[PDB]
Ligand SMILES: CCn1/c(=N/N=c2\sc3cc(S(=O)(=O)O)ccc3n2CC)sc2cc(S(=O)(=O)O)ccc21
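This document opens with one chain alone, in structure tokens, the form deposited without the named molecule.
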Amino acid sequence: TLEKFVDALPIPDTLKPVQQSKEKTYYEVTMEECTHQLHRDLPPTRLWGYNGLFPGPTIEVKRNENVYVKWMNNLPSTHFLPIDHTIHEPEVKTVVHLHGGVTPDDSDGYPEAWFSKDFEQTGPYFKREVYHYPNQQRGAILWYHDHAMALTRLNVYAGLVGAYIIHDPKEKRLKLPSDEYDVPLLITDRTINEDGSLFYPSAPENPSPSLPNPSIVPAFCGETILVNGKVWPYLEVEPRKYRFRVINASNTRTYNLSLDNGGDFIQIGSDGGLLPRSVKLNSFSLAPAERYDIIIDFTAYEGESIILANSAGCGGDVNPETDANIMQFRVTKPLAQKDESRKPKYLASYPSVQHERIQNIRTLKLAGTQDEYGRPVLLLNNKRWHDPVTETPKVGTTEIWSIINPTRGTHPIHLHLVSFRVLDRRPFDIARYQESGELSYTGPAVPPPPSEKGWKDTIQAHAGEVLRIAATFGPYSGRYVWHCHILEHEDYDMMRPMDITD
């Protein structure tokens, strides 16, 4: 395998606006095929990148900043990863979704709002070339990536991901580590061929001869871990507090992160922004699309090399020599200035402070069937993507969604537009539910841990539990989506439209 901790962690440059005034900020980002070296010992890898970069440039905005991004497809007319046409026009379709964005529906990146190179062809829900992000939302770690119908797992794996940070000036007084000491960590697993080329499976292991070729697979587990586009990198840090914006940008893989010197993380934020109170953690789980906003305090570890370690398997136990490792910190950089940053306990209002009447309670079930080829097709509430819309909350109202998971695994459930509160999780009798559809609980409800007492938008629903969340649908109305954020599930076919009605 590739030798760990030999390349420095790249820090994506912050995107500069094409125009900027007090009233408006305007950016242009072009998707390009490009080559980048992912490890000291590899030939350059052919990739798809926003502005030809992997990851894409980091975009930083202020709360309420009036932002426009023209996202353009200048990709080749053919893909380089294996497309399975049996699961679902130009071959190469793209659309950018700002995940976590409180975004008008026609700038949200609907899967059928795709566009081919230079907008020559566009999907039936396409309305505009230049996306509008008003950013009228809490400070938080967002991220952007491709969301094209039936191609999301491939377009994202190709390299189309980047970070987007909203800064709320009202949080400045907290004096959290900032600027040079505030660093995104975009984690993506990949499998890389000897010649440096990306590998993505064209079929499951030992494909029945029934199977089409290529065939979609139900899960992707990469052999190698990359952070900010480099395989198992090191980062030289100063002996002081750092803030890290940790984003799982992987297709399937869930991570369970720790520090190998037994140091703590201080979680200050979740998907939807600052937690009410900081939380000291020795480890945390991070499923696809989740974000953790954390402080690591290197003050007491000068000289040390500390591995950000992973204990979660993907298709099997972790390998100590490979996917057990994420990156390495080296506490050897001289202090540029006194550490004047803080790690405050009191961060933000509780989500509970705000009282809301429950307009509706939906029960949703994670299910599926099997296709003519024998493959599993994963479905939300046994509906196809193309079935008439059933999730139709009213704008301005709050709902509890009760998500029933009788499957064998966790699924990270994501709703666009909104962030939400986690109410509780409760175990149930799976066999009974499958035979009769009757829900019998085998234990009391478990309220969220402190890490999930703030605002979330992507949430782990574990096997044999009912998960309840509370969301206020707004402030915009229109057509959005909800889906599993395991991309191999999302594309076949674990995604549904969501109408927020006025």
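Residues that one form lacks are left out of the comparison. Here the rigid core means the biggest group of C-alpha atoms that line up within 1.5 Å when the two forms are laid on top of each other. Start at 1 with the first residue shown and count on from there.
- The modelled chain breaks after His88 and resumes at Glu89, leaving 4 to 9 residues of the deposited sequence without coordinates.
- Higher mean CA temperature factor, per the PDB entry, when comparing 300-308 with 102-110: 300-308.
- Of the two segments, 312-320 and 165-173, the one listed with the higher mean B-factor is 312-320 (C-alpha atoms only).
- By the numbers in the PDB entry, the CA B factor is greatest at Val446 among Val61, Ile459, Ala470, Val446.
- Highest C-alpha temperature factor among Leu154, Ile295, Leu415, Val353, as the PDB entry reports it: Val353.
- Split the chain's modelled residues into thirds by C-alpha temperature factor. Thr254 is in the lowest one.
- When the CA B factors of the chain's modelled residues are split into thirds, the value for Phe220 lands in the highest one.
- Residue-level temperature factors show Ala348 in the middle third of its chain, judged at the C-alpha atom.
- Annotation for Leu439: CA B-factor lies in the highest third of the chain's modelled residues.
- The PDB entry assigns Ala8 a C-alpha temperature factor belonging to the middle third of its chain's modelled residues.
Although not depicted, the form solved in complex with the named molecule is the subject of the following passage.
- This chain is displayed alone, yet in the deposited complex one of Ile83, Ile165, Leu423, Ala324 has a heavy atom within 4.5 Å of the named molecule; that residue is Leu423.
- With the partner omitted from this view, the residue of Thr398, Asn310, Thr94, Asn228 that lies near the named molecule in the deposited complex is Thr398 [heavy atom within 4.5 Å].
- In the deposited complex, the named molecule stays beyond 4.5 Å of every heavy atom belonging to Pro104.
- In the deposited complex, the named molecule lies farther than 4.5 Å from every heavy atom of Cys34.
- The named molecule in the deposited complex is not approached by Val389, whose heavy atoms all lie more than 4.5 angstroms from it.
- When contacts are judged by a 4.5 Å heavy atom cut-off, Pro351 counts as touching the named molecule in the deposited complex.
- Stretch-level contact check against the named molecule in the deposited complex with heavy atoms at 4.5 Å: of 114-122, 265-273, 354-362, 340-348, the positive one is 354-362.
- Contact residues in stretch 463-502 (any heavy atom within 4.5 Å of the named molecule, taken in the deposited complex) are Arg468, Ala470, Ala471, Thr472.
- Fit the rigid core and compare the CA positions between this form and the one not shown: of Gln370, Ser311, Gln354, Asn282, just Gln354 moves by 2 angstroms or more.
- Taken over residues common to both forms, the rigid core alignment between this form and the one not shown yields 352-355 as the one run of three or more consecutive residues whose Cα atoms shift by 2 Å or more.
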